[PDB]
Structures are given as structure tokens and as C-alpha cells.
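For reference, the structure discussed in these notes is given below.
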Amino acid sequence: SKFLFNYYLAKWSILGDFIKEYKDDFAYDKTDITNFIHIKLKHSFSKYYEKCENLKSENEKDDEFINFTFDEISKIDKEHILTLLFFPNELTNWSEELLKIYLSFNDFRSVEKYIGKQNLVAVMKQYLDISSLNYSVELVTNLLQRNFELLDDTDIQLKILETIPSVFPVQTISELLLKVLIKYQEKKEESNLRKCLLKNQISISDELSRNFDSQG
Amino acid sequence: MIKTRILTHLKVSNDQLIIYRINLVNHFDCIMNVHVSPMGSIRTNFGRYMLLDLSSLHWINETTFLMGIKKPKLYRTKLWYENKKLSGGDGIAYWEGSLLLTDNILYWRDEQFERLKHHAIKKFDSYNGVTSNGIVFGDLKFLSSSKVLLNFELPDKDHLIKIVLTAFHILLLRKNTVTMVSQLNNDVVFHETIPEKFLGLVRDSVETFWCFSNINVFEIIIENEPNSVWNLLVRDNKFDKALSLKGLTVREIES
Amino acid sequence: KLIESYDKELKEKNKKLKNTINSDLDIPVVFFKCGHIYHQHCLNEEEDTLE
Numbered sequence: 023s024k025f026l027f028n029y030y031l032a033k034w035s036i037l038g039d040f041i042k043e044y045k046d047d048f049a050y051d052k053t054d055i056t057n058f059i060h061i062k063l064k065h066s067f068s069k070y071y072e073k074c075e076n077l078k079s080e081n082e083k084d085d086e087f088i089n090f091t092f093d094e095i096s097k098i099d100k101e102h103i104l105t106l107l108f109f110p111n112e113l114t115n116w117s118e119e120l121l122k123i124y125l126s127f128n129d130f131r132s133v134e135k136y137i138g139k140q141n142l143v144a145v146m147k148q149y150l151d152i153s154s155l156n157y158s159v160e161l162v163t164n165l166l167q168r169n170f171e172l173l174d175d176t177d178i179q180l181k182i183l184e185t186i187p188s189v190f191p192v193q194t195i196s197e198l199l200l201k202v203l204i205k206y207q208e209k210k211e212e213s214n215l216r217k218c219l220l221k222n223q224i225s226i227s228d229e230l231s232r233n234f235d236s237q238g
Numbered sequence: 020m021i022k023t024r025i026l027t028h029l030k031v032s033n034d035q036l037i038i039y040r041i042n043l044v045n046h047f048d049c050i051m052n053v054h055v056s057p058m059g060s061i062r063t064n065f066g067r068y069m070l071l072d073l074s075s076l077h078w079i080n081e082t083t084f085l086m087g088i089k090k091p092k093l094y095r096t097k098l099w100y101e102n103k104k105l106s107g108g109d110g111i112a113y114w115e116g117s118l119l120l121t122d123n124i125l126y127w128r129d130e131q132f133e134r135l136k137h138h139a140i141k142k143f144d145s146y147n148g149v150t151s152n153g154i155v156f157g158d159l160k161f162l163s164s165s166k167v168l169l170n171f172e173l174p175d176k177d178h179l180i181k182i183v184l185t186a187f188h189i190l191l192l193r194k195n196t197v198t199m200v201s202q203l204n205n206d207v208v209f210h211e212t213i214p215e216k217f218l219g220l221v222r223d224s225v226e227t228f229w230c231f232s233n234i235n236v237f238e239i240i241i242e243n244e245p246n247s248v249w250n251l252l253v254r255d256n257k258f259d260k261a262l263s264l265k266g267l268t269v270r271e272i273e274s
Numbered sequence: 003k004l005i006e007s008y009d010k011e012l013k014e015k016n017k018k019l020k021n022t023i024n025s026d027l028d029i030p031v032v033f034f035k036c037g038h039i040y041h042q043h044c045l046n047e048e049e050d051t052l053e
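Protein chains in written order, with my numbering: chain H, 23 to 238; chain V, 20 to 274; chain C, 3 to 53.
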């Protein structure tokens with residue numbers, strides 16, 4: 023049973039070239055990392071994996087066999103890349119870890135999937151190394167606009183604004199600056215309105231106390 | 020507060036009484052039992068009714084009626100069922116597309132009690148749609164939700180009971196110990212003394228209560244019933260029924 | 003600063019209102035807020051007359 027799968031499991035040169043070719047492109051919304059891998063595989067091996075995938079498809083409930091296959095893939099790792107072929111959507115078979123490979127060259131989808139409150143400025147700094155005349159600025163603007171709700175801390179916002187490029191046209195960042203200013207003004211107005219409502223409630227309570235004092 | 024201020028057979032259907040007559044002093048032609056349909060405007064001592072041993076009577080509609088013999092065929096004719104018998108003459112409730120009964124009880128979507136050779140006559144009588152150890156109150160508007168009130172908890176032969184189930188409270192006879200008790204609060208609202216054999220007491224189908232007696236007929240009237248239950252209904256989980264209450268304070272309704 | 007002031011002000015106001023309500027012609031009723039007071043159960047409440 024599993025012995026044939028182990029033999030199938032028992033049964034990384036162009037991967038680097040493919041990774042470099044993918045990293046050559048610098049599009050903000052290009053094909054996903056999994057999509058790029060699938061396209062490269064279609065251009066290209068996986069038939070033996072497909073034979074294993076047929077067993078893997080029949081192993082939809084074999085948790086022990088799934089763990090054994092994941093361990094074998096880890097032991098049969100090819101440039102720490104080929105495992106993605108064996109685990110297209112099985113990252114938990116064997117999150118704080120995909121950024122080593124997914125975020126290595128370029129993955130906007132993986133960046134959004136593994137985004138968070140922390141480890142945000144570092145991602146922007148790493149992406150800023152594109153050194154493009156304007157494509158880097160466009161990519162940075164797209165990344166900021168895609169997850170604009172992620173940044174919700176004053177210190178984080180100040181840190182993000184500090185590391186803005188110093189040779190970029192104001193038109194590109196004008197929309198982001200206007201949105202940030204509008205959000206800050208709206209928050210200040212909401213706080214002022216809440217304070218005014220609280221003051222009105224306190225005045226109502228004081229009026230009730232004064233009426234009670236008048237009541238005897 | 021709520022204000023209160025108080026023969027072969029008698030009946031009351033719609034602003035009428037029933038050989039003198041009342042219009043609301045003509046004498047009709049000159050009888051064992053009587054039965055009046057919902058219309059305001061019936062077997063004599065001959066065992067028939069010119070145009071049986073059925074110890075049941077309940078007007079199903081403005082013209083229909085239901086009856087059955089103690090020894091069960093229950094024509095409505097429209098028979099319902101027939102099983103067992105009884106040494107005397109009970110629960111024949113059937114309305115709003117449902118039926119009910121009082122010693123066995125069968126669920127009809129579409130328990131033991133005291134009795135004797137001459138058992139109780141009108142223990143089960145509720146309008147608007149028992150036992151020596153207590154009484155059971157139940158409205159189909161079921162068995163699990165049915166409650167019970169112990170007879171020992173009631174105030175005070177020995178006050179022979181004879182039923183008045185109003186929307187707000189429930190009233191019994193208990194010979195001269197007639198009392199009113201809240202249908203939900205399980206508290207006795209008040210009590211009355213009736214002085215002298217009593218023929219029986221009936222409630223107006225269209226809102227009142229009249230007591231017929233050979234010595235002298237009487238009546239029972241209450242006031243401010245909805246106002247008193249307004250706070251109790253407000254202090255309860257149910258609000259939809261309380262919201263349907265009318266004749267109350269405008270501000271309280273808004274409140 | 004506004005939030006810090008508002009939180010304390012709201013807490014103090016709620017405490018004062020609760021104390022005043024617990025502290026208290028004594029039937030439950032809402033007195034007129036322009037110099038009048040009467041018992042609601044004394045038929046004052048819901049006088050109709052289009053208010």
C-alpha cells in the first residue's frame with residue numbers, strides 16, 4: 023500500500039532559472055506565485071507527482087499518510103521549492119515561514135495572505151529595492167492602497183510616512199496623503215462630537231441634580 | 020385598582036335573558052335542560068326538542084353544538100370518537116381548530132380528578148376560546164406548558180364548587196365562597212359571598228356575568244380590569260399581548 | 003487628551019447619576035422640567051388633551 027507511495031516518493035536545476043525569470047517581472051498585480059509555478063509546470067516531472075497526486079487524491083482522509091508524504095517531501099526537498107508542487111495548498115501539512123520563499127522574489131497575493139499589523143515596514147523596505155524609475159513607486163502605491171486598512175496605529179503610520187521615497191512625484195502619493203488626512207480629520211471630528219455628547223449628558227445630569235435640589 | 024360590584028335553566032347569548040322574557044314582561048308558552056346558541060334571539064321534559072342521555076353541551080358556532088353520552092359518541096351530525104364510559108357525565112373543549120379534554124386526556128392538535136356518582140357539573144367552562152386537590156388552567160392559544168393551582172391554597176358540601184374563566188381572572192362558585200383569582204399571577208383577586216339554593220351563574224358571551232337563582236337572580240360586574248394587569252403585563256416577558264391591550268393610559272402605552 | 007478626559011467624565015457622570023437615582027409625593031413619576039411635579043399614579047400621567 024504505502025510502500026508503493028514511498029517508492030513513488032523515492033522515484034533543482036531549471037527551478038533557479040524559472041525563479042529568476044519570474045523575479046525579472048515587477049508587476050504589482052501579475053500572476054500569483056502559485057499561478058506562476060503552475061504556468062511554468064505547464065510550460066515544462068510532474069507526471070510522477072501526478073501519479074502520486076492520484077494516490078494523494080485517494081488519500082483525502084489518510085492523515086498519517088499525508089504526514090508521511092510531507093516528511094518525505096521535506097527530505098526530498100529541491101532548492102526548498104519543489105515542495106510547493108507537492109503542497110499547492112497544503113502549507114499546514116508540515117504561516118510565519120512562507121515569506122522566506124513566497125516573498126523572496128515577488129508575490130503580491132502571498133504578501134496579502136501573510137500580511138499583518140507587524141512586519142509591515144520591513145516588507146515595504148524590501149520591496150523598495152526594485153530601483154525602478156517609476157515602476158517601483160507604482161508598485162509601492164498599489165501595495166499601500168491594497169491593504170490601506172491594515173495600518174491603524176499612529177506610530178506605525180508615522181514610521182510608514184517617514185520612509186517614503188524622496189525622489190517621487192507628489193501626484194502619485196497625493197491620493198494616499200489626502201486619504202490619510204481625511205481619515206485623521208474624521209477621527210478628530212468624531213472624538214470632538216463624542217466629547218460634546220458626553221458634556222451634554224453631564225449637563226443634563228447637573229440639571230436633574232439642580233431640579234432635585236429645587237425639589238426640597 | 021380594579022372596581023368590583025355584583026329555576027330549571029338559564030342562558031345568555033347576546034344582550035338577552037331567558038315563562039317570562041327580557042328584551043333589553045312578555046310571558047312565553049310553558050322543561051328539563053336549556054341550551055342557547057350564540058344568537059341572542061332546548062330540550063323539554065319530553066326527552067326531545069320539537070322544531071338523548073348526553074351529559075354534554077357546547078355551542079361549537081352560532082348554530083352548531085356538541086354533545087356526548089357519559090356511557091362517548093360525540094355528534095357535532097359529526098361524530099368524533101367513542102371509547103370507555105363514566106359513572107356520572109367532562110372536558111369537551113374544542114375551538115380554534117383544536118380540541119381538548121379533561122380520567123384520561125388525549126392531545127388533539129386539530130390526569131385524574133375527583134368525581135362521584137353525582138359528580139361536578141360545570142368544572143370545565145372557559146370562554147373567549149379540576150379536582151378536589153386542585154385545578155388545572157390551560158389555553159390552546161400545551162400539556163407541558165399547563166400549570167396547576169392547589170386547592171389547599173384556595174381561601175377557606177363544604178363550599179360546593181360550581182366555571183367562569185375571564186380573560187383577566189378566573190372565577191369559581193364554591194357554593195357561597197365565590198372568589199376571583201388571577202389567571203397567571205396565581206393570586207386570588209377577591210372573594211364574594213352568595214346567599215337559598217343557587218341555580219347557576221353565566222357570563223355574557225358578547226362581557227358581563229349573570230347568576231340565576233330560584234330565590235332571586237343576581238349578576239357579577241367588574242371594572243378597571245385591563246388597567247390593573249397593565250403593570251403586571253409590562254413586568255413580564257410577553258409584550259405583544261400587552262401591546263394589544265386597549266383602554267389604557269396613552270402615556271403608559273407610549274412608555 | 004480628549005479621549006482621556008471623556009472616559010473619566012463619562013464614568014463620573016454615570017456614577018453621579020446612579021447615586022442620584024438610588025437616593026430617591028413620592029410615587030414613581032417624571033416631574034416637569036420647568037417647575038412642576040406630580041404623581042403619575044394620581045392620574046397626572048396621560049392627561050390626553052393633545053399633550
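For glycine and all other residues, C-beta sits at the position ideal for the given N, C-alpha and C.
Going by CA-CA distance only, name the one from the options that's closest to residue i.
i	options	result
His-188 of chain V	V:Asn-152, V:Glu-238, V:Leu-105 and V:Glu-242	V:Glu-242
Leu-219 of chain H	C:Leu-12, C:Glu-6 and C:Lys-3	C:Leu-12
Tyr-94 of chain V	V:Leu-173, V:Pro-245, V:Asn-42 and V:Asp-72	V:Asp-72
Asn-195 of chain V	V:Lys-160, V:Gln-202 and V:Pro-174	V:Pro-174
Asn-115 of chain H	H:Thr-105, H:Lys-210, H:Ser-23 and H:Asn-164	H:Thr-105
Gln-223 of chain H	C:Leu-19, C:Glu-6 and C:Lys-3	C:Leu-19
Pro-110 of chain H	H:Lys-147, H:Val-143, H:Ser-68 and H:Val-145	H:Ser-68
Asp-46 of chain H	H:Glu-208, H:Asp-235, H:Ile-204 and H:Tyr-157	H:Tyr-157
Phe-33 of chain C	C:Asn-46, C:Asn-24 and C:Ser-25	C:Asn-46
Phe-108 of chain H	H:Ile-178, H:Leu-121 and H:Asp-93	H:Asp-93
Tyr-136 of chain H	H:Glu-118, H:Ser-227, H:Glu-208 and H:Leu-203	H:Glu-118
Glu-172 of chain V	V:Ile-239, V:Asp-206, V:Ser-117 and V:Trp-249	V:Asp-206
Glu-43 of chain H	H:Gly-138, H:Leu-26, H:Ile-61 and H:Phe-27	H:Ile-61
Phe-132 of chain V	V:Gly-153, V:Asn-80 and V:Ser-117	V:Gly-153
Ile-38 of chain V	V:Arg-24, V:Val-53 and V:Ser-117	V:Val-53
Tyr-68 of chain V	V:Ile-50, V:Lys-103 and V:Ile-239	V:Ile-50
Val-31 of chain C	C:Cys-44, C:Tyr-8 and C:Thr-22	C:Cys-44
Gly-238 of chain H	C:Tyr-8, C:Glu-49 and C:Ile-39	C:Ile-39
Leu-203 of chain H	H:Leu-183, H:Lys-217, H:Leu-215 and H:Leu-77	H:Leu-183
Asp-122 of chain V	V:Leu-179, V:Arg-128 and V:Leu-135	V:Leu-135
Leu-179 of chain V	V:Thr-268, V:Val-197 and V:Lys-166	V:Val-197
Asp-177 of chain H	H:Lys-210, H:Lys-139 and H:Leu-113	H:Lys-139
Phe-84 of chain V	V:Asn-64, V:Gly-66, V:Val-55 and V:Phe-65	V:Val-55
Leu-199 of chain H	H:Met-146, H:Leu-172 and H:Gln-167	H:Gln-167
For residue i, which beta-bridge partners are listed by DSSP?
i	result
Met-86 of chain V	V:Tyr-94
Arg-222 of chain V	V:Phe-228
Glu-242 of chain V	V:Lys-22
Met-146 of chain H	Looking at the DSSP assignment, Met-146 of chain H forms no beta bridge with any residue, so it has no partner.
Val-200 of chain V	V:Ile-189 and V:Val-207
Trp-114 of chain V	V:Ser-117
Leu-19 of chain C	Answer is none; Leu-19 of chain C lacks a bridge partner.
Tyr-39 of chain V	V:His-46
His-77 of chain V	V:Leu-85
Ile-154 of chain V	V:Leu-168
Can you list, in chain order, the residues of its chain whose CB lies under 6 Å from that of residue i, leaving out five sequence neighbours each side?
i	result
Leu-29 of chain V	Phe-231
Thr-185 of chain V	none
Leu-190 of chain V	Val-183 and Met-199
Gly-219 of chain V	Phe-231
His-138 of chain V	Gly-107
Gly-157 of chain V	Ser-165
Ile-239 of chain V	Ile-25 and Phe-228
So, at 8 Å on beta carbons, what are the nonlocal neighbours of residue i in its own chain, with the 5 sequence-adjacent residues on each side left out?
i	result
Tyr-50 of chain H	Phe-130, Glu-160, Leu-161, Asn-164 and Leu-165
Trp-34 of chain H	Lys-100, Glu-101, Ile-103 and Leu-104
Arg-40 of chain V	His-46 and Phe-47
Considering only residues of the same chain and omitting the five flanking positions on each side of residue i, which have a CB-CB separation below 7 Å?
i	result
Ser-132 of chain H	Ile-55, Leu-120, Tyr-124 and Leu-125
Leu-98 of chain V	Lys-92
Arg-62 of chain V	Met-51, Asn-52 and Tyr-68
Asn-233 of chain V	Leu-26, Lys-216 and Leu-218
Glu-101 of chain V	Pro-91 and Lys-92
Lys-89 of chain V	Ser-74, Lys-104, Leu-105, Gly-107 and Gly-108
Point to revise | Meets three-Cβ-pair contact criterion under 8 Å: the segment 103-123 of chain V and the segment 139-149 of chain V | key: Three or more beta-carbon pairs separated by less than 8 Å link the segment 103-123 of chain V to the segment 139-149 of chain V, which places the two stretches in contact.
Check your understanding: Does the segment 126-141 of chain H come close enough to the segment 52-68 of chain H that 3 or more CB-CB pairs lie under 8 Å?
Key -> Taking 8 Å as the limit for Cβ pairs, the verdict is that the segment 126-141 of chain H does touch the segment 52-68 of chain H.
Check your understanding: Does the segment 76-91 of chain H come close enough to the segment 141-156 of chain H to have 3 or more Cβ pairs within less than 8 Å?
Key -> Contact between the segment 76-91 of chain H and the segment 141-156 of chain H is absent: fewer than three C-beta pairs spanning the two stretches fall below 8 Å.
Check your understanding: With a cut-off of 8 Å, do at least 3 Cβ pairs link the segment 22-38 of chain V to the segment 52-60 of chain V?
Key -> The segment 22-38 of chain V is in contact with the segment 52-60 of chain V.
Point to revise | Validate contact between the segment 29-38 of chain H and the segment 91-99 of chain H using beta carbons, cut 8 Å, 3 pairs | key: The segment 29-38 of chain H vs the segment 91-99 of chain H: in contact.
Review point. Does the segment 186-200 of chain H come close enough to the segment 245-265 of chain V that 3 or more CB-CB pairs lie under 8 Å?
Key: Touching, no.
Exercise for review: Please go through the segment 152-202 of chain H and give each complete alpha helix (DSSP H) segment of 4 or more residues, from N-terminal end onward.
Suggested key: Within the segment 152-202 of chain H, the complete alpha helix (DSSP H) runs of at least 4 residues fall at 157-168 and 176-184.
Point to revise | Start-end ranges of the alpha helix (DSSP H) lying completely within the segment 83-131 of chain H, minimum 4 residues | key: For the alpha helix (DSSP H) assignment, the uninterrupted runs of no fewer than 4 residues enclosed by the segment 83-131 of chain H are, from N- to C-terminal side, 85-97 and 105-108.
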